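Next come the chains, spelled out residue by residue.
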Amino acid sequence: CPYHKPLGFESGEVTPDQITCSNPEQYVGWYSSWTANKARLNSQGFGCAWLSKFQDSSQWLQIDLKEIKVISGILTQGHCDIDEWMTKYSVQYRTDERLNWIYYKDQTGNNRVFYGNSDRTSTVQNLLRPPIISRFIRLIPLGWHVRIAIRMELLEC
Amino acid sequence: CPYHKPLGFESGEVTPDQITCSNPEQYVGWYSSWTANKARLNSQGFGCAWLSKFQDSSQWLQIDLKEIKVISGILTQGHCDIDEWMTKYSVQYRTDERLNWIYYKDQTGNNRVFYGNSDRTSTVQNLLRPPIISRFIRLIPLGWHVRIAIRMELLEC
Amino acid sequence: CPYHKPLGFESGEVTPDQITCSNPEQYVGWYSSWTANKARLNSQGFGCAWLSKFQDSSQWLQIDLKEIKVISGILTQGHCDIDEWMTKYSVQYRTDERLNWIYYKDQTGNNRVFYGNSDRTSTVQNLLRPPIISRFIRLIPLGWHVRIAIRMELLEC
Amino acid sequence: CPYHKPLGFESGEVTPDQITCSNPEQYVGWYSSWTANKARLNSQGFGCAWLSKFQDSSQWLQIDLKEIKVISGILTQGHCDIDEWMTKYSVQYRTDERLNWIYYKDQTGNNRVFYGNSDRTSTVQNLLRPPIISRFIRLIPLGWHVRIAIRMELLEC
Amino acid sequence: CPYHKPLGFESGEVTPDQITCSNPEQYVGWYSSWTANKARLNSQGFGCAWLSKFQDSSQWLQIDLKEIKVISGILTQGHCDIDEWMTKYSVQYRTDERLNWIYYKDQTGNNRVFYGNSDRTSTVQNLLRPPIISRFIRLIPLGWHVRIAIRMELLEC
Amino acid sequence: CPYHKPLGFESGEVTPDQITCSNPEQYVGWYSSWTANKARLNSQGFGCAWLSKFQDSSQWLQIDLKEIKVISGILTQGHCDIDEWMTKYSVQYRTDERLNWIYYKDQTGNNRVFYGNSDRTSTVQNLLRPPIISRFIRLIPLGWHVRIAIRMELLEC
Amino acid sequence: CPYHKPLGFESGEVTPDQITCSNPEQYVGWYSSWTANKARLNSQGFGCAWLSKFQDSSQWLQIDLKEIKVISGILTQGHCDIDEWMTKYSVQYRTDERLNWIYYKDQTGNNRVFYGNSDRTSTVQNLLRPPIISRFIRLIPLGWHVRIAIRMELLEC
Amino acid sequence: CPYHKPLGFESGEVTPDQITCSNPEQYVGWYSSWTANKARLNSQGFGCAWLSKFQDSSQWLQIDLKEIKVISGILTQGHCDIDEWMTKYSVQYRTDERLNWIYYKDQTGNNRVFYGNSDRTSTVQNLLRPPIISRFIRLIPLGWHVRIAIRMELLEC
Amino acid sequence: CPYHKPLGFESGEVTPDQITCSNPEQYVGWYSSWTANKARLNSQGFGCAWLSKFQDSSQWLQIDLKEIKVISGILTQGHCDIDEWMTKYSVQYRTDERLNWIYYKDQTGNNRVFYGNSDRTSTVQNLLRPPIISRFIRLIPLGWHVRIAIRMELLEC
Amino acid sequence: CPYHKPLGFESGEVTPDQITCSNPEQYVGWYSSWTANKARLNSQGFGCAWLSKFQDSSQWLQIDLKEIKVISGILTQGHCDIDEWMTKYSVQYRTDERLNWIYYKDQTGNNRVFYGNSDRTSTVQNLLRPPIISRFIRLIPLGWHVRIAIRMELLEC
Amino acid sequence: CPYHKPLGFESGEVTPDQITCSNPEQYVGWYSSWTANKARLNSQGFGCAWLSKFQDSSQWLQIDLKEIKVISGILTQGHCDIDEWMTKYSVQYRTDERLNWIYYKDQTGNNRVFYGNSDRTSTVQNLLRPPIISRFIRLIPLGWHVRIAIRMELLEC
Amino acid sequence: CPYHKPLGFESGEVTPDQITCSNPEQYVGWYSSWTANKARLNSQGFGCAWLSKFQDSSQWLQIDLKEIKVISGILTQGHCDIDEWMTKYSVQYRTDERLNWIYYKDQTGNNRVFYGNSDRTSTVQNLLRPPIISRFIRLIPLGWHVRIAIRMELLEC
Amino acid sequence: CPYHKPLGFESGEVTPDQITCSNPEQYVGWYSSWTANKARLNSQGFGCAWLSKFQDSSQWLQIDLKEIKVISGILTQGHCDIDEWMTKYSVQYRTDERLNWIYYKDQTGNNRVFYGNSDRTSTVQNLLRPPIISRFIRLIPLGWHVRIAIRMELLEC
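As stated in the entry header, the method of structure determination is cryo-EM and the reported resolution is 4.2 Å.

1. Remarks on the interface of chain D and chain K
With eight residues of chain D in contact, the opposing surface of chain K contributes eight residues. On the chain D side of the contact with chain K, D:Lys88, D:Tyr115 and D:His145 bury the most area, a combined 51% of that side's loss. Residue K:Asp119 pairs with D:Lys88 through a salt bridge whose shortest N-O separation is 3.2 Å. In this assembly, chain D and chain K are joined by four residue pairs in polar contact. Its residues assigned to classes, the side of chain D that touches chain K comprises three nonpolar, three polar and two charged.

2. Here's the deal with the environment of J:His79
All names here are of chain J. With respect to the helices and strands, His-79 occurs in the loop between β1 (69-74) and β2 (91-94). Between the C-alpha atom of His-79 and that of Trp-30, which follows or precedes it by 49 residues, the distance is 26 Å. Discounting residues that sit within four places of it in the chain, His-79 has contacts with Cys-48, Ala-49, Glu-84, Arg-120, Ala-149 and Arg-151. From its side chain, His-79 meets the backbone oxygen of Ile-82 in a polar contact 2.8 Å long.

3. Observations regarding the UniProt feature "disulfide bond" in chain A
Residue and element names in this part refer to chain A. Only sulfur pairs under 2.5 Å apart are read as disulfides, and the UniProt pair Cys-1 and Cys-157, at 2.0 Å, is one of them here. With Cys-1 in the segment before β1 (69-74) and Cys-157 in the segment after β6 (154-156), this residue pair connects regions lying 156 residues apart in the sequence. For the UniProt disulfide linking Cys-48 with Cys-80, the SG atoms sit 5.1 Å apart, which is 2.5 Å or more and rules out a formed bond. Within the secondary structure, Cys-48 is located in the segment before β1.

4. Let's talk about the relation of the copies chain D and chain K
Mapping chain D onto chain K calls for a rotation angle of 180° and an axial translation of 0.0 Å; the resulting RMSD is 0.0 Å. Viewed as a symmetry operation, the transformation between the two copies matches a two-fold axis. Ranked by how close their C-alpha atoms come to the rotation axis, the residues of chain D are headed by D:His145, at 2.8 Å. Same-surface contact between copies: 100% of interface residues of chain D are shared with the interface of chain K.

5. A closer look at the environment of L:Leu75
As for its placement among the helices and strands, L:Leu75 is situated in the loop between β1 (69-74) and β2 (91-94). Taking the relative accessible area as the measure of exposure, L:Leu75 reaches 11% and is therefore buried. L:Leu75 sits 49 residues away from L:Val124 along the chain, and the two C-alpha atoms are 7.2 Å apart. Contact partners of L:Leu75, with chain neighbours within four places excluded, come to K:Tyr104, L:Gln125 and L:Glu153.

6. Observations concerning the packing of aromatic side chains
All names here are of chain A. Tallying each qualifying case throughout the model produces 58 aromatic pairs over all chains. Among the aromatic residues, ring-to-ring pairing joins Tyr-89, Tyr-103 and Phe-114 into one connected group. Over the aromatic face of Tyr-3 sits the side chain of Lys-5, whose NZ or CZ is 5.5 Å from the ring centroid.

7. Quick word on the UniProt feature "domain: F5/8 type C" in chain A
Per the UniProt entry, the sites bearing "domain: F5/8 type C" are residues 1-157 of chain A in this numbering. Counted over residues 1-157 of chain A, helix gives 0% and strand 14%. Its end C-alpha atoms are 4 Å apart.

8. A short note on the pattern of salt bridges
Two side chains carrying opposite charge are able to pair once their charged atoms lie near each other. Residue and element names in this part refer to chain G. Applying the stated criterion across every chain yields a total of 51 salt bridges over all chains. Ionic pairing is found between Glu-156 and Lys-69, a salt bridge with its closest N-O pair at 2.8 Å. With a gap of 87 residues between them, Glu-156 in strand β6 (residues 154-156) and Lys-69 in strand β1 (residues 69-74) connect regions that are remote in the sequence.

9. Things to note about the interface of chain A and chain D
At the junction of the two partners, chain A supplies 16 residues and chain D supplies 17 residues. Around 1400 Å² of area is buried between chain A and chain D when both sides are counted, 59% of it from carbon and sulfur atoms. Three residues, A:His4, A:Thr123 and A:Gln125, lead the burial of chain A against chain D; their summed loss comes to 38% of the area buried on that side. Viewed at the interface, chain D and chain A are joined by zero salt bridges. Joining chain A to chain D, the criterion identifies four residue pairs in polar contact. Each residue belonging to the side of chain A that touches chain D can be placed in one class, and the counts come to six nonpolar, nine polar and one charged.

10. Let's talk about the sheet that holds strand β4 (residues 132-134) of chain J
Residue and element names in this part refer to chain J. Read from one edge of the open sheet, three strands run β4-β1-β6, paired in antiparallel fashion. Looking along the sheet, the strands with just one partner apiece sit at the ends: β4 and β6 (154-156). Strand after strand, the sheet turns through a mean of 50° between neighbouring axes, direction not considered. With three bridges connecting them, β1 and β4 associate as antiparallel partners. When the sheet's bridge partners are listed, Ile-71 is paired in β4 with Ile-132.

11. Describing the side chain of I:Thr87
Along the chain, I:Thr87 turns up in the loop between β1 (69-74) and β2 (91-94). Those residues in contact with I:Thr87 that sit more than four places away from it in its chain are B:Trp85, I:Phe114, I:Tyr115, I:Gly143 and I:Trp144.

12. Topic: the side chain of C:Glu153
Residue and element names in this part refer to chain C. Here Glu-153 is to be found in the loop between β5 (136-139) and β6 (154-156). Buried and without a salt bridge, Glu-153 has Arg-151 as its closest oppositely charged side chain, separated by 8.8 Å. Apart from the residues lying within four places of it in its own chain, the contact partners of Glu-153 are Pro-6, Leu-7, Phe-9, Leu-41, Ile-74 and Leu-75.

About the cut-offs
Residues numbered from 1 in each chain as written, not as in the entry; some residues may be left out. Chains lettered and ligands numbered in written order. Part of a larger assembly, values for the part shown. Heavy atoms only, no water. Contact = heavy atoms within 4.5 Å. Buried area = accessible area lost by both parts, 1.4 Å probe. Salt bridge = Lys/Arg side-chain N within 4 Å of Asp/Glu carboxyl O. Polar contact = N/O pair within 3.5 Å; in protein donor to acceptor, adjacent residues only side chain to side chain. Nonpolar A, V, L, I, M, F, W, Y, C, P; charged D, E, K, R; others polar. Helix = DSSP H or I, 4+ residues; strand = E, 2+ residues; numbered from the N terminus. Disulfide = S-S within 2.5 Å. UniProt positions renumbered as here; feature names shortened; annotations may be inferred. Least-squares fit on C-alpha atoms. Buried < 20%, exposed > 50% of the residue type's maximum accessible area, 1.4 Å probe, protein only. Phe/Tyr/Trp six-rings, centres within 6.5 Å; stacked < 30°, edge-to-face > 60°. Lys NZ or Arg CZ within 6 Å of the ring centre and 35° of its normal. Pairing = 2+ DSSP bridges. Axes fitted to C-alpha atoms, helices over the stretch in contact; angles between N-to-C directions. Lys, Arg positive; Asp, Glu negative; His and termini not counted.

In structure tokens:
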């Protein structure tokens, strides 16, 4: 809800089982690989954000929350050193974990698509007034500058 | 109601008995044929949507819900590869399952008819503010481009 | 009331005793004759609507409801094949079934009369905001094009 | 909340364990050093405010409150004798004491940064209407005139 | 609060221990000296108001109330015979009696200072809408015409 | 309060002990003298109002009510035969009967003074919206035409 | 109160003791004389209204009601045959029956006086919004055309 | 233009060559037949208006004016004795006398059609604000009650 | 300009050299073929509109006017018998006859495209307020129902 | 000015001397190279737009107009096949051809930078209301997706 | 005036006699020294802006224009590499070249002072609506970060 | 008039005959004494403003302008080192040089008096919208802090 | 007219023949007596204003102007030492010098009378917007405090 109560990615206490991906870094497994080791809210180190090797168009990233909550809004950031940013994407939400739905608003009578940002210092937010009763959220970035890299930060009620 | 709580067609758990039609694909039966096998909310495969062979003007498609609910609004999509879209249609609603009524609004003092869409990327919605206490809903498309094909998605309260 | 809860004429379960008229088709009786056999909400067949032989000016049609309810609004349609429509009429309402009253509004400081429609596709409604606590309703059409024929559809609260 | 109920730094009863820093004045310890001895709300003496020797860009100052409260607003002052003031900074807030978050508002669709002040007599406040449910607050001053020196004063609900 | 319920200085029943000062008139003590003997709301006699010998810039005057109350507003007067008035001052408020805070408003984004008055007949009030939950109040007059002399009159809720 | 419930001076049942003055008519006493004998709300006789011999500037007139009430508003009249009216005055109110306070409003940022009237037929009222929780009320007329004479009439809630 | 619930003068059941006057018609008594015998709300007969012989300026007419009620408003009429009407008057109200008060409004900052009427057919009313908690009401007509004659009609809540 | 300056059909001075039709009454000619003999603005006689024998759908009636003028608005009437009125029609205008154009407005984003009237006493006008620079005007009535009969009356600027 | 002064296609006096196309009907030439023989504003006959054989996406149709004029607005129609309508198109304009420009509006901050119509009876106009100083105009229909067929009608100032 | 009168790049009549660049394609010269041969308003062929080999940050492109005119607004497009678009740029204008100025608006109290577009179909315009009296205009694109490619189109008054 | 017509410092054609200063770089003279050699609107080289050695508080810089013009507005920039910016200053204007006046606005009822900027990328302008008929303009910067350095740019009408 | 065109006191070219006073500094004369030698718009030196020895209440200072002009507005300043400011004064204006008039405004229905200032840095102006057609202007300061000292600056049209 | 152009009474150049009165001071004449010798706009001396011996109710004072002008507005003052002021008066104006008219406004639907003032310091003006084309003006003061004394000051256009 319209409040300042974001999630806790910088804490790191969350197990890597929730952050599921498909980018084996050292053929260790298939569940996770990058997890929250080098992709947190402002974390100094080698990897400032989550990088991507293969140019996968239908990219996804599971985000398992603690329970079902009303998510509204999401921050936007970039990547230091090598500037990287997205251009087009779409939010998703599910419940039974056996489908994939696209986020559509009421004031969009055309093929409008979310923007995002274009600078690491910019903080172009997207206030989602329509309450969304869901839990899992994913992003389908259709384009990017060089590589997908953004320090996401969902907002819970 | 004005919320984001659509049905679950992509799940596929619903039995094909609810999705009744009259288009025998391989003379298997008369109840259903295409069902939700190749007609869901974004499903990659051979059949991206529900096709139609015979040019049936008075087309219908039973949609049996779980129970009586207040339906308001409906999404609009197209078909990939071969672009297809409707032009005119009319929503229906019943209760005793022994009649067929047409959807008429209060701010329509003429022979106005719903539009729909004209592009797979477009998402021209139709916010139906007037609450409709019903369960079964059908569509009577009077025209089309080449063949009837649209990934419908009702909205429940 | 301002809602979408019309009556059920297409069902046909209602007995013909309620739909009383005075047009013996085959000298069978005097109570009813045409009833809801060829006059329902969109019913394919020979008689698309209720026809009239004699040019009766003071025409009436009893409509016995289930119980006393607040009626507000009424749909308007025409007749296929042979276009037919009314021009002037007046709504009535009673209680003790031993009188006949005319419908008069508050914002009518003259001899104004309801219109109706002039096309089978048109749906010129008449939103009657003033609540009317009654049960039986009749119409007194003073004119017509060739023959009285309209698929009425009262609205209950 | 929008009220006049600031903290109590001038009292001095608070122990130096809360005011943690990293500026050993006489190699006494590492926890605190300057504490509230020469940095209070208007305190006559040698040190009118908290000075800084090394030009540390990522400066921080722990402020442990009594309990979790809704902080909103903050005063701004300068330094006597030698005029000193900041130019850019960012408010932070945490809960589990194992992360660091940046303060972002809803009406900031760009890389906007808080100002502060530029005179010891000026009192340019920053009314933070959005409630912030937190406890620990820190500042990340990115620039200054000569040395970081400001008599801060948080506001609790 | 916005009401007409001022304190009772003209009564004189209050003991001189509350009105603390530092102006020995006849080296009698250090606690009080002038008290409410020649400084009340319109009191005919020798001393029409409270005079000041030494030109003390950081002047103070303790005002111990009965209990903690919401003070809002304060009257302004002058001195007869020899016209005297202030120019700049600042209201203060404390609780633990071990600090001194300055009064700052929300609609003051600069180094604004209260005015006061400039005539014994004038009654330029200062409606302080923001509730102030305090008890002890003092004034820090930075300037004056010849000598500090004003018949103050706090307003309690 | 804003109502029509004035006091009862014309009744005369009130004892003269309440109406205290200092104008011995026949050296009878010092408490009262004129009382409500020749000064009431429209009373035909010799003395149409309360006259004054000595030109006393700091004139007062005790008005002891039944109990503490919220007084708001006051009528204004003149004197027949010999026209007399005031020009400047000030309302007062007390509680402990051991002080004297002046009436000051919130919308008076100057040395404004009440007017009154200037004709026996005129009825220039002064609606005092700010509630005044008091009991005793007095007037300090600073000027007059020839002699102080006015048929006052307080208003109680 | 603003309603249509006038008194009952036309009934005549009220005893003549309430309608007190001072106009002996046949030296019968001093209490009443004309009473409601020839002065009611539209009463055909000899005396259409209440006449007056002597040109009494300070005219009065006691009107004893059943109990204390909130009176608001009063009708105005004339006299048939010989047209008669007033020009100036004043309403009065009392409680203890031992005084006489004049009716003064809040929006009258001058010597304004009520009008009344100037035609038997006219019905110039005077909506008295300010509630008046009283019982006895009288009129002090200061002028007239030839003789005082008006069919009054108080309004009770 | 918005003024009261209609044409002169009742005068009859205009020759029948302008009023061209195709309804030989007595096989006299082909140019005109009924002309303005029994079709004028209120003309008592046998033919109250212009009748029509054959049920011609694409009916036309040439109206040659004196010169090119700005026509705006048109009256609407009926027929006495036997009530007759139209239902749908369309205005036309040309210049070179070698084409036929239909009248379309700017605020008609659908298949709207002009109404007309439905009573000889009614005078439902159609204020055509958009100036129309033309001369010849015709009507294409698509429907009627029994026979086409209306006393038209163009309006010139 | 916002007026009713369309072109003259129904006249037919224009030579076929202006209406240039590339659809040889009987290998007669390459300049024109269909011209205004079976494509005019409502012309009864075999060809009700201009048909198209090959499914040419980048379709064009030269329209040489008399001189340079300010064109604003354009009508929209359909085709009888076999219903046909467009879906997407774009207006063009040139001057030197050696280029091709696309029509872009000021209130279109996206990839918006003109609609057109979807019924022969509908008249969905497109009021082009922005003046366009040009002469030649063409259309680039990107889609259609079955075949391109529309009775265009430009509007000149 | 706010009108539809763009330049003429598609004509090609302009000599290559005006379009100056610094990208020798075949070491032919230093003045121009790509010119308007493969970079015009929608020109089918090999090069759909102007490509760039070296990743030059301070890119420039001289645009010599016919004379000094008031330029306002500019279109935005993309590149087919390989999608390419800019992210940040700045407009410039000069007069004496011996300097370079940056375009700054009045409603930009920060480091705001123009956007542009992000799709070949999009037409995100930038209405520059402030008149700019200049002739030569250049762009300083600071970023891009892969290569600088955009079909610019200035707007003259 | 509110237009885009700045001066021409980047041209360099202006002689150094106009840009008078008092900072001998190599004891060459006293008139000028730095001039427009290393202080222009964006000029790549060693000196990006005008530096200052001595910490002169009452700094001045003569700016002789071509003639008397109405100056309104002024741009604000910073310095690359080493960030430098001002904090307080005051605009001046003269005519006879024998005095120095300070710039005071009408909506400044206090000791307000202009700000400027605090970033090389920021462009915080100061729209001076009040016309100023003058020629010579100077700045009196009272403070700075390290050294005075700003690429000024006056605006002429 | 509302413009920035003050007089020229800093120039000093004006002869001392215009600045007439009555404060012989060294018994040199009676016309002038201090003149514009140590009283100009910001002039560094011994006397920062015009001082006053004797406490003259009815102080005056002739200001002979070049000719009759419309004066509107006046600046307000203080004195450095020793802070001095006025409290009450009144503007005057004459024509025949044989009288003295006081400045009275239209929106002053009381004994209001101009304020001035109370700080050398403050610039509390007094916009005099009412045009004043005069030439000579003087001030009658009724009070001051210690000595009359203010750097006046009239404003001419 | 609404401007600052009063008459010139302080000059004294006007002859005493214009200021006609009827108060022989030393039986010198009958025309004038007090004239402008001791009654001017602020004139120090014995007589601060014009006194009156006999209590003349119908007082008059001729004021012969230079010519006919539009008079609007008039100042109001008092008398020093002995405070004196009026209460009621009426302005007059004539032309042929053979009559006397009273000043009546349009927004006075009652017996309203001008007030004036009640303090020498007050300046209660009376803006007379209605233009008055006259020359001679007089005042008819009906009341006063002790003696008629006021320093009048007419306002000419």
